[PDB]
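Okay, so here's just one chain, in structure tokens, the form deposited in one PDB entry.
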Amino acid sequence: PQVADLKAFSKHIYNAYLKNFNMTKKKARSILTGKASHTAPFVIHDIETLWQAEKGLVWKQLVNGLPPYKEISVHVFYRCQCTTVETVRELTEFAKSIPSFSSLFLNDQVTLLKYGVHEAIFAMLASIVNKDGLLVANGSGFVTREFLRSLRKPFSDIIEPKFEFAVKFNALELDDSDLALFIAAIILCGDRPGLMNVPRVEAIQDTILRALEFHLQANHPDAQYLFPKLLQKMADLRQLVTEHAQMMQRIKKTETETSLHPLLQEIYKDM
């Protein structure tokens, strides 16, 4: 009985995912591997190719809309911020497309997004990453990991840990239908500080995890220990976000000319 009900539940979460996210892992891997396309991403690996990309690639966020130019490393940070905020927007609409999330009081919705979106962002980020770099500008660009390493501290340091996480996460070979459930479980988390209706959120979280376990039995029948591996990745994401927030505090303290987006300020306020 419940195996069948949870299958339906999972399909509605997958549909929420397909409706709301700009890029799927399926599309991202087809770009990263070269698989079937008349166009290849422009590679950004140094200052000259960065300038050419700002001149010539199509950006969701127009360069003139970014804060005033300071230097190369900050400019990259500002592009990172733009994408982070765009993904918060997508995660919010994904969450709101899940009925049991929308049925929560709005203040609990905000609490879940506040403490869950970065975890979800760093999980979804793996979809566009390989060991050598990541996709940018809706897949029309590829920024090398080596170039990102060459940025000055603190900006290079806040980037590299996410690659380290992503390469290990991608070795589990999740597809979009697995990720939709994984991300929903990250957002619908009963552990978040200040939740008003903890039992309700705990119950939803449990349903999603049961759906995930069963989804993996069907979709990855040969993969041993995959469900417990993913619970551990959820734990790992919490630690990755703690470190990230600590690094952001140092950027706020020491990089005083760097602007932080007001929405992210609200997210870090009580972290």
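In this text, residue numbers run from 1 along the sequence as written. Rigid core here is just the name for the largest C-alpha set that superposes within 1.5 Å across the two forms.
Just so you know, the form deposited in another entry exists too; it's not on screen, but the next bit is about it.
Fit the core first: which of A203, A223, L231, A218 then shifts its CA by 2 Å or more between this form and the one not shown? Correct option: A223.
Following rigid core alignment, is the displacement of the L66 C-alpha between this form and the one not shown equal to or greater than 2 angstroms? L66: C-alpha displaced by 2 Å or more between this form and the one not shown.
Superpose the two forms on their rigid core, then report whether the C-alpha of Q246 is displaced by 2 angstroms or more between this form and the one not shown. No: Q246 shifts by under 2 Å between this form and the one not shown.
Core-aligned C-alpha movement of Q52 between this form and the one not shown, 2 Å or more: Where the cores coincide, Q52 shows only a C-alpha shift between this form and the one not shown that is less than 2 Å.
Please check whether, in the other form, the CA atoms of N64 and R149 lie closer or farther apart than here, given a change of 3 Å or more. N64 and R149 sit closer together in the other form.
Closer or farther: how do the Cα atoms of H75 and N64 compare in the other form versus the shown form, where the change is at least 3 Å? So the answer is closer.
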